[PDB]
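Take a look at this single chain, the form deposited in one PDB entry, given in structure tokens.
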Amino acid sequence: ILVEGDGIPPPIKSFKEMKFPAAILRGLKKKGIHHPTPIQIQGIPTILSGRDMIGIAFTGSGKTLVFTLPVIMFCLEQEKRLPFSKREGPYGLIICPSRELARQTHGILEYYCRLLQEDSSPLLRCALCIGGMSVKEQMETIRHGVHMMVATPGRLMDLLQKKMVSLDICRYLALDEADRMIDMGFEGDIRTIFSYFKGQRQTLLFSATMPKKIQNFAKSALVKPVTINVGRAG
């Protein structure tokens, strides 16, 4: 693994020392996840410190936990401090290239959120904003307020234009497969989405590749990120 940037938070070698709630630790074990992977060991402390992050990583590296477990922890703290109102949120947004990936990530979020609620946390609310859903479905969930939203870029753009969603309290934005999303034509939509932020945000970008178009994108999207590169082998 290769890490670049100033002020790199030290790596943490176990999930327990990363301070996840017990319900999360129990759920990792139920999923057979016992020890962290290299991008988790270095990436989770980076995200928990509040820094922006570039993860050069692909499926199999354990990237998904890097960008899903911190945002659940942040939302849980926020919901305790001040319960979310109807029409409030999202606080955290994950954008990905495909319906099947968004569904998968959303289900991961709801899994951990269910585990937390079975252990006397509040129930956090997670929205899926993709194609093949009606105005009806989407409007419904956003009516109750949303902690976390998982979206594909064209659908999110539609919702933002129609003022059905607002990014006014969104403080966390993760881009999963940013290379794939730009190759598929969504650069403009993603860049436009960033301009819907009225205030500051922590931005995470995950990509298996890093060609010049993506290097330039990341320069525009992120601020002083820590880069973590798992390597072509790992």
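Sequential numbering from 1, following the sequence displayed. Superpose the two forms; the largest set of C-alphas matching within 1.5 Å is the rigid core.
Keep in mind that the form deposited in another entry is not shown, yet the notes after this line are about it.
So with the core overlaid, does the Cα of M139 end up 2 Å or more away between this form and the one not shown?
-> Comparing forms between this form and the one not shown, the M139 CA shifts at least 2 Å.
Determine, after fitting the two forms on their core, whether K86 shows a C-alpha shift of 2 Å or more between this form and the one not shown.
-> Comparing forms between this form and the one not shown, the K86 CA shifts at least 2 Å.
Has the Cα of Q40 moved 2 Å or more between this form and the one not shown, judged after a core fit?
-> Comparing the forms between this form and the one not shown, which are aligned on their rigid core, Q40 does shift its C-alpha by 2 Å or more.
Closer or farther apart in the other entry, the C-alpha atoms of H35 and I108, for a change of 3 Å or more?
-> They are farther apart; the C-alpha distance rises by 3 Å or more in the other entry.
Which way does the C-alpha gap of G60 and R155 go in the other entry, closer or farther, given it changes by 3 angstroms or more?
-> It is closer: the C-alpha separation of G60 and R155 falls by at least 3 Å in the other entry.
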